[PDB]
Amino acid sequence: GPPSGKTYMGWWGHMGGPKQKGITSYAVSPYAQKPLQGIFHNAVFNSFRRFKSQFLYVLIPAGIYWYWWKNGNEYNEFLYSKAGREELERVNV
Amino acid sequence: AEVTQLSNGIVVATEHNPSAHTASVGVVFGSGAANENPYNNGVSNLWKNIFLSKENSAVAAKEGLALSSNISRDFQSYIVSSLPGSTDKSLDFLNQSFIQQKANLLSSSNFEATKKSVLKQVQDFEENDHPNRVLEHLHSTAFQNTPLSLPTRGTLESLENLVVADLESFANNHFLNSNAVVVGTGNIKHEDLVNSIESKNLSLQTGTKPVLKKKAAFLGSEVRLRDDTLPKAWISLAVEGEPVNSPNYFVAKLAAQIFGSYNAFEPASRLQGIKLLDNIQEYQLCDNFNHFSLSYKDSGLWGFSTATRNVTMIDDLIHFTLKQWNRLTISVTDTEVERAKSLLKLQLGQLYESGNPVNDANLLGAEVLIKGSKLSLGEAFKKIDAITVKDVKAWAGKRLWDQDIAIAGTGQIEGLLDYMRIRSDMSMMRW
């Protein structure tokens with residue numbers, strides 16, 4: 001077939017990024033490393049840092065929507081009781 | 001030829017050749033780059049250029065003398081050459097440069113000009129000579145944090161912080177009679193050399209060099225130096241191999257000759273009996289490769305180096321080459337073993353029976369320093385002729401099959417994949 005429209009990604013040898021000069025990388029084999037030394041000092045010390053950074057953006061919305069749900073229940077509980085029969089008659093019509 | 005060693009306090013070795021028109025005399029020390037630390041890396045390279053400096057060489061050229069020197073990982077050399085009937089002057093010149101008067105050479109003016117000359121050699125090496133500096137980085141990651149990792153020329157960062165006192169300290173600890181061999185090659189008789197030394201009462205320094213704490217240890221690792229402005233990719237790859245004084249010394253050398261060396265632009269090199277060339281030549285994956293088996297006092301390396309311009313098919317070149325290595329354990333033919341026997345003998349004959357007495361002086365001194373004597377070339381041929389197909393499979397299953405690797409590269413190496421995709425190709429497991 002023919003070539004198609006060009007993209008923002010290529011393949012191995014020509015990936016389309018900028019040219020690199022002056023960066024050096026080092027590594028070691030897995031067979032030469034001690035087994036999994038990365039589970040602990042990571043499930044307590046690091047996992048707590050990740051929790052403390054982001055828990056405020058979830059729990060303030062959750063607190064708003066859960067408080068709104070309970071006040072709706074308790075009011076519906078009350079309207080269909082014997083004490084809340086007179087208020088049920090008004091807010092319907 | 002026939003060698004002859006003695007010990008009158010000084011170890012004297014000789015290899016006479018009545019056909020030569022020259023004679024070489026020198027001294028070889030049993031310390032090199034592997035007997036240094038990262039702070040003084042390059043101090044042996046400065047002693048080379050102080051010996052070859054202009055005011056020292058001028059004194060030699062007035063009597064008909066030429067100088068040479070060579071720095072390697074396990075030894076160092078200082079040779080003087082002359083006509084056959086002038087070898088008595090060669091020893092006197094060597095007397096007033098090492099045994100006496102190596103302070104006139106370390107003057108202030110001679111040390112600053114020499115230093116500036118060495119800083120410019122190592123700078124042009126790191127920016128223009130890509131095949132050799134990638135092979136230096138291979139030794140530096142494979143043997144990291146051990147003495148066998150340090151480069152033989154030094155680095156630009158450690159060279160700048162070297163003063164005269166660093167040169168004098170290194171000489172007091174290593175240029176010793178216990179660590180030295182006096183050699184002679186070409187047209188020189190063994191008895192004429194020893195009687196000339198006895199008539200002078202020479203003694204460099206007594207002995208007991210330092211201890212060298214750590215041993216060499218191979219580590220599987222990689223180092224990548226990416227540069228997208230250069231036009232090729234240069235790669236080297238090796239496993240742990242054999243040291244000298246190993247029983248498998250010649251079996252490792254023979255297994256490298258099975259895959260050999262290649263040049264794409266020479267017509268006869270495309271016709272070699274190497275099965276790997278049927279895969280490479282279809283799409284022209286490389287320009288050249290060469291297989292090596294290097295050997296030192298404590299460890300070794302076995303592998304290959306390559307250079308290519310097909311920067312999109314690098315993974316197919318590395319893949320096809322490692323699938324042939326597997327055949328040494330599984331399926332290697334008797335024909336492949338007999339070809340490699342014949343060419344290895346030709347390779348060793350050219351190295352040891354060249355014409356240059358300077359090359360023969362370096363080989364002799366290094367061998368006598370490390371095993372006490374020199375093996376003949378007629379005895380080495382008999383060992384090579386006694387290697388079987390079963391011996392290659394036993395060696396490969398120990399050293400190659402499912403073993404860690406060391407890698408280094410520079411240039412356009414974006415297409416060189418991760419370590420574990422390459423580590424996995426060392427065992428077939430379709431088997």
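The chains referred to below are lettered A, B, ... by the order of the sequence lines, with proteins before strands, and numbering in each begins at 1.
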Report task. Evaluate side-chain contact (heavy atoms from CB on, under 4.5 Å) for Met420(B) paired with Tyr31(A), printing each intermediate quantity in order. Result -> CA-CA 10 Å; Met420(B) 295 304 285; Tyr31(A) 297 85; 3.9 Å; yes
Query raised in the report: Crowded around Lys393(B) NZ? As in, over 12 foreign heavy atoms under 6.0 Å?
Result: yes
Report summary line: Bottom line for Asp404(B): the part with an atom under 4.5 Å from chain A's heavy atoms is side chain
Query raised in the report: Above 12 or not: heavy atoms from other molecules or residues under 6.0 Å from CZ of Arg90(A)?
Result: yes
Requested in this report: Assess whether atom CZ of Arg421(B) is packed by more than 12 heavy atoms of other residues, nucleotides or ligands within 6.0 Å.
Outcome: no
Report summary line: Minimal heavy-atom distance between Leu219(B) and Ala32(A), with the atoms involved, is CD1-CB, 4.0 Å
Query - Heavy-atom pairs under 4.5 Å with chain A, option from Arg226(B), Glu222(B), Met313(B) with the top count - result: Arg226(B)
Requested in this report: Considering non-hydrogen atoms only, spot the tightest contact between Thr312(B) and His14(A) and give its length.
Outcome: CG2-ND1, 3.7 Å
Query raised in the report: Yes or no on side-chain contact (heavy atoms from CB on, under 4.5 Å) for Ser221(B) and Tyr26(A), after CA distance, side-chain angles and deciding distance?
Result: CA-CA 8 Å; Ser221(B) 49; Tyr26(A) 310 85; over 6 Å; no
Query raised in the report: Between OG of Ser29(A) and CD1 of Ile405(B), what distance do you get to the nearest 0.5 Å?
Result: 8.0 Å
Query raised in the report: How about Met15(A): does its CE atom have over 12 heavy atoms from other parts shown lying under 6.0 Å from it?
Result: yes
Query raised in the report: At a heavy-atom separation under 4.5 Å, does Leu417(B) approach chain A through its side chain, its backbone, both, or neither?
Result: side chain
Query - Sorted by number, residues from residues 127-147 of chain B in contact with chain A (heavy atoms, under 4.5 Å) - result: none
Requested in this report: Apply side-chain contact (heavy atoms from CB on, under 4.5 Å) to the pair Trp12(A) and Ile314(B), showing each step before the final yes or no.
Outcome: CA-CA 9 Å; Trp12(A) 302 108; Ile314(B) 286 164; over 6 Å; no
Query raised in the report: If every non-hydrogen atom of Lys21(A) is compared with every non-hydrogen atom of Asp227(B), which pair is closest and at what distance?
Result: CG-OD1, 3.5 Å
Query raised in the report: Hey, what do you get for OG1 (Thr229(B)) to CD (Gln20(A)), rounding to the nearest 0.5 Å?
Result: 11.5 Å
Query raised in the report: Among residues 408-415 of chain B, which ones touch chain A with a heavy-atom distance under 4.5 Å?
Result: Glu414(B), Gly415(B)
